[PDB]
Every structure is written in structure tokens, then in C-alpha cells.
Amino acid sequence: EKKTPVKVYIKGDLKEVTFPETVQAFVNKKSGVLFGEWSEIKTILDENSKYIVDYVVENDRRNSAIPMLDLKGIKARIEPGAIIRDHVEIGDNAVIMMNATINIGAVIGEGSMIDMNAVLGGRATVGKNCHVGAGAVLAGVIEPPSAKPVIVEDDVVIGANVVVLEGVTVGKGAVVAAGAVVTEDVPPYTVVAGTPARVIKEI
């Protein structure tokens, strides 16, 4: 389940090397690229040192089990550097900015923005037309299914570097000031600020 996927560019007398079905070998007679588990590929490189004379190994993760979300057909905008796990629901015309991180089970509603370097923890739920500020953290609640995650209702603005703690609901149309730590449910149409966040105005 945990994997250490590598891509390996190779060159040499490749016709002399046979590759197992466990690895995807894209090669011609002298040069090629190999895709597979490092444990499998390492053995191949070692046992064929005579014919594979040079190689470059690329690797981006170690003992990782959860794949990344396939972005190619999503009806929304995902910028370079955003890391999104599989099993995340991205609503129509949402925007996921550079270097944001979104964990499994998260939901991002239609038209919502997750700004740069923001973090959505497991199952965090963001409604429609929300703005989750840069560096803001929505706590995760990976399991059980019955455990209330962070829920941000529609039309909410969450300030930069905010933290919303596990199981907290931010009510519709509310505003959370930058830097706040939200420890309790926020009533709809109110502005909260501080650590712990307190209501400072009714909208």
C-alpha cells in the first residue's frame, strides 16, 4: 500500500536488458525512462550494471499510500504547487491557489477560493462563494465518518493565518479576522476576531 515510486532515465545497451511487467519501460536501443517502485527498479539497475551505464533517479515521496487527485477533468482552477489528495470534491469554478494543501475528504464548494499556502485538513468542508485566506488552517477530522469536521457555510471570509479548530462551524456570511483562532461556532452574519475568537460586530 505504501509506495516509493521512481522515474529513472537510463542509457546503455538496453536491448540486452529485459524488464518485468512490474515496471513500465519506455525505451529504445540506447536510451530510456523507467517507471516503477524503487525496490523493483534498484534491483534492475544493479543486476544490469554492464548494460545500463548511467542513470538519473527522480523521486518525490517515500512510503506514501494516498495518491494525488487527478485534476485533468475538474471544472475548476488549480494552480501549480497546490497539493490535493484523492477523494477531494472540488466544486464548479472553485480556485485552489499555489502551495495550498488539501487533505482527503475535503469539500470545496462552487466559486470558493482556497488562497496560497492555506491548509484544509481531513474532511474540512467549505461552502459556496467562500474565501479561505492565505496560510489559514482548517483543522482535520479524518475519522470517524460521524465526527463533525470543520464546516464553513456559504459566503464566508476567513482571514489569512486563521486557525479553525476541529468540529467548529463558521456560519453563513460570517467574517473571521486574520490571525484569529476560532474555538467555538461562529453565528451567521457576524465578525469574529482574536484568540480565542470573539464576536466583535454583527453584520
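Residue positions are given as counts along the sequence shown, with the first one as 1.
- Higher mean CA temperature factor, per the PDB entry, when comparing 95-103 with 78-86: 78-86.
- The PDB entry reports B-factors from which the mean C-alpha value can be compared for 69-77 and 112-120; the larger average falls on 69-77.
- When the C-alpha B-factors of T169, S64, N161, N48 are read from the PDB record, the largest value belongs to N48.
- Among all modelled residues in its chain, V181 ranks in the lowest third by Cα B-factor.
- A197: CA B factor lies in the lowest third for its chain, per the PDB record.
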